[PDB]
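Participant: Experimental coordinates for this protein are included below, preceded by the sequence.
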Amino acid sequence: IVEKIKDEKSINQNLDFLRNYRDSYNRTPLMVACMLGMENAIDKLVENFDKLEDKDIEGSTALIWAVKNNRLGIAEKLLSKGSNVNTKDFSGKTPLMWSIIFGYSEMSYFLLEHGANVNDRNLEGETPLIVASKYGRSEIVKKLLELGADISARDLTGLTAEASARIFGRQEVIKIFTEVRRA
């Protein structure tokens with residue numbers, strides 16, 4: 001696959017092969033390029049084969065592959081081609097969720113500035129605010145509150161984001177909640 005998607009020229013001589021290629025994860029060439037950070041291949045793969053919202057065996061689109069591998073250049077190119085920033089994998093996690101889980105700060109801000117939903121929920125009812133609180137992403141908590149995230153939301157555990165921050169000992173996050181509550 002790599003040699004076939006190494007450049008526009010390679011892509012054009014392997015069109016038939018690439019058009020219906022799927023690997024063991026049911027991934028398209030586009031998803032593979034996204035994982036590998038082959039920024040040069042993205043636009044031509046999209047223009048030729050589309051499939052922006054096709055999902056692999058975990059329910060991940062190409063944008064999920066880019067985000068979980070912190071490929072900011074790729075994610076930028078996908079959003080300008082029309083990728084859905086609020087896609088969900090089969091666990092109900094969105095790109096913003098993944099960026100919070102892995103602590104990819106720049107990616108998180110980019111996703112939020114490109115329409116990532118601040119209130120979406122995964123299957124266990126966690127919102128981005130709850131996930132950022134549990135993972136101790138204190139600047140992301142601050143940003144989500146600034147963007148109007150619902151502080152009152154509760155997940156499967158019945159706890160709010162702030163209560164979850166206390167359970168997980170996230171002092172800076174707790175400090176953000178306190179500053180917010182005061183002001």
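Facilitator: Arrived safely, thanks for sending. Residues are numbered from 1 along each chain as shown.
Participant: tell me the contacts of the residue nearest to the spatial centre of the chain?
Facilitator: Computing the C-alpha centroid of the chain and ranking residues by Cα atoms, centre = their mean puts residue 95 first, at 1.6 Å. Neighbouring residues of residue 95 by Cβ atoms under 8 Å, 6 or more residues apart in numbering: 63, 64, 67, 75, 85, 86, 87, 111, 116. Quick note: C-beta positions are derived from backbone N, CA and C, even for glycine.
Participant: Most neighbours among the residues you listed, which one?
Facilitator: Within the contacts of residue 95, neighbour counts (other Cβ atoms under 10 Å) peak at residue 67, which reaches 32 neighbours.
Participant: For that residue, which non-adjacent residue is spatially closest?
Facilitator: residue 95 (4.4 Å; Cβ to Cβ, 6 or more residues apart in numbering).
Participant: For the one you found, give me the backbone phi and psi.
Facilitator: Per-residue torsions, residue 95: phi -50, psi -40 (degrees, to the nearest 10).
Participant: Relative to residue 168, how far out is it?
Facilitator: Distance, residue 95 to residue 168, by Cβ to Cβ, to the nearest Å: 23 Å.
Participant: Check the secondary structure at residue 40 for me.
Facilitator: For residue 40, the assignment made with DSSP: H, G, I helix; E, B strand; the rest coil gives helix.
Participant: shouldn't it be in contact with residue 7?
Facilitator: Yes - Residue 40 lies in contact with residue 7 (Cβ atoms under 8 Å); the separation is 6.3 Å.
Participant: Could you pull up the contacting residues of residue 31?
Facilitator: Counted by Cβ under 8 Å, 6+ apart, residue 31 has contacts 25, 54, 56, 60, 61, 62, 65.
Participant: Let's verify the third one: helix, strand, or coil?
Facilitator: What three-state DSSP gives for residue 56 is coil.
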